[PDB]
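Enquirer: Structure provided below as structure tokens; questions to follow.
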Amino acid sequence: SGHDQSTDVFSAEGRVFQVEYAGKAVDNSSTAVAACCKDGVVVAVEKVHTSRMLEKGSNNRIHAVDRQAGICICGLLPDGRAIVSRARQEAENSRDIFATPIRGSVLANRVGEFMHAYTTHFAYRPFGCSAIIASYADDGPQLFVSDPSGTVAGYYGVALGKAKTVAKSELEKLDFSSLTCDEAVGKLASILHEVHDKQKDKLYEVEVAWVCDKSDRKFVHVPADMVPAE
Amino acid sequence: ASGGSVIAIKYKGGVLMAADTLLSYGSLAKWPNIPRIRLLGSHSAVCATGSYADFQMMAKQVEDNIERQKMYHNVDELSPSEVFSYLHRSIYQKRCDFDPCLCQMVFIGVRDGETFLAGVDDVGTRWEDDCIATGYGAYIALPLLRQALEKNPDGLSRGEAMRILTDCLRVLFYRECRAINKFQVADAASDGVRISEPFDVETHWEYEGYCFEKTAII
């Protein structure tokens, strides 16, 4: 009927249909995966090129938010850009007002709170992107996920994208208590190649970033010659 | 609180900026062990004369801008001349609001050959030379640096310029009331700015004309 046209309308069973439709658009995006490896975090995203003339470095989904925290936006790229800019405004304030790096959990809480102020009003539409926040503050490595519903949750290993179930069945069998980032940048990168179907999209490429002690606790992109070829 | 004087000079290949490590409260030497040389980004450095709060706020505001710009977007970090330009525009904008940033700054920087040394007042005036000096260093120190430049315009050496920096710091110690004998020299070469450990310049107080009998007004 009309009970599924605006974000301010509970269904007959108390469901906000528009947010389920929003999450449906994230369920159809490029694959991403992430691991919190007790000494650092590693996020790795699939970039599906629609064109073979695209310069390498275009449509990079992993964006730095502070020195130590980064965001991988699986879903609609423009909306992810808005969330990345809001997280950047939240992280610069704590570095300005409170003279301290923003703790990872606080950043995830704020990003979720901002994603949820768009699913209460009749004049906005819910963000069509799920964020993966990877932070390493003075509280240890932290990996959080935010759904278009605005709900945050901390993980050890998380999978997103179109191929989300089979790519998650890979993360169950890693150890995550002895797993080191230096080998996780190989493990997750190989997981994405195993889960990636190649008779739909002829052009694809894996882009991975990490923040651990080796990078001086800074969120940077992986050295180019650290990802296995295929 | 308020800093002292700053002097700076360009030699063959780099810049040198010397400043005393002391903050005064009017006539009282309050804190003699604080660093007054800040360094912004990975190519440039700054040092201010006068009120410390204003320099502390302005340097923070122009150090947040550099790192964010470089971290958000995949761009090269700002050159010395451009971060100085931003510094100057922000000082002028604070002055138009009758909210002055009451400190004369000296700004040095080196990026792959193009060595840069500028100075900015608090009213918005900016300039650039081969020798800068603020506070009282503009009167006492600056003439010595200018003569040491013109006596050999080909370009000083690093040691031959450190010598004259010591020789002007000595006079600044002699003839400036609110100053102490513990300075710092930030040296900016192609690799990048490098602040030295505090050092002291030797003095001389044993002229014969200072004897008790001679200086006596009986």
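FYI, nothing fancy with the structure tokens labels: chains A, B, ... in order, residues from 1 per chain, ligands from 1 as they appear.
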Counting only C-alpha atoms, which residues of chain B come no farther than 12 Å from chain A, as a ChimeraX atom specification?
Expert: /B:57,60-61,63-65,67-74
Enquirer: Would you list, as a VMD selection string, the residues of region 79-215 of chain A that end up in alpha helix (DSSP H) under DSSP run on this structure's backbone?
Expert: chain A and resid 79 to 96 104 to 116 165 to 169 181 to 195
Enquirer: Report as a VMD selection string all protein, DNA and RNA residues lying within 9 Å of residue 226 (chain A), evaluated on only C-alpha atoms, omitting residues in the same chain fewer than 5 positions from it.
Expert: chain A and resid 182 185 to 186
Enquirer: Could you list, as a PDB file with C-alpha atoms, in the first residue's frame, every residue within 9 Å of region 16-19 of chain A, counting only C-alpha atoms and ignoring same-chain residues fewer than 5 positions away?
Expert:
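Just written: result19.pdb:
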ATOM      1  CA  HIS A   3       2.731   2.003   4.424  1.00  0.00           C
ATOM      2  CA  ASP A   4       6.118   1.423   2.769  1.00  0.00           C
ATOM      3  CA  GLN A   5       6.749   4.801   1.142  1.00  0.00           C
ATOM      4  CA  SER A   6       8.253   6.847   3.983  1.00  0.00           C
ATOM      5  CA  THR A   7      10.651   6.197   6.831  1.00  0.00           C
ATOM      6  CA  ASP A   8       8.184   7.343   9.502  1.00  0.00           C
ATOM      7  CA  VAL A   9       5.637   4.547   9.024  1.00  0.00           C
ATOM      8  CA  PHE A  10       5.617   1.360  11.057  1.00  0.00           C
ATOM      9  CA  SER A  11       4.226  -1.612   9.180  1.00  0.00           C
ATOM     10  CA  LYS A  24      18.499  -4.734   0.373  1.00  0.00           C
ATOM     11  CA  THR A 119      15.502   6.860   9.419  1.00  0.00           C
ATOM     12  CA  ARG A 125      15.901   8.566   3.053  1.00  0.00           C
ATOM     13  CA  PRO A 126      18.090   6.034   4.863  1.00  0.00           C
ATOM     14  CA  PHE A 127      21.725   5.772   3.818  1.00  0.00           C
ATOM     15  CA  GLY A 128      22.225   3.068   1.231  1.00  0.00           C
ATOM     16  CA  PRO A 148      21.611   1.404   7.194  1.00  0.00           C
ATOM     17  CA  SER A 149      19.418   0.702  10.218  1.00  0.00           C
TER      18      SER A 149
END
Enquirer: Measure the distance from CA of residue 74 (chain A) to CA of residue 60 (chain A) in Å and round it to one decimal.
Expert: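 We find that CA of residue 74 (chain A) and CA of residue 60 (chain A) lie 10.9 Å from each other.
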Enquirer: If we count only C-alpha atoms, what is near residue 182 (chain B) at a cut-off of 6 Å, once residues fewer than 3 positions away on the same chain are taken out, given as a PyMOL selection string?
Expert: chain B and resi 20+199-200
Enquirer: Calculate how many Å separate CA of residue 168 (chain A) from CA of residue 49 (chain A), rounding to one decimal.
Expert: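 Between these atoms lies a distance of 23.0 Å.
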Enquirer: Residues of region 79-214 of chain A in strand (DSSP E or B) according to DSSP, as a ChimeraX atom specification?
Expert: /A:129-137,140-146,152-154,157-160,205-212
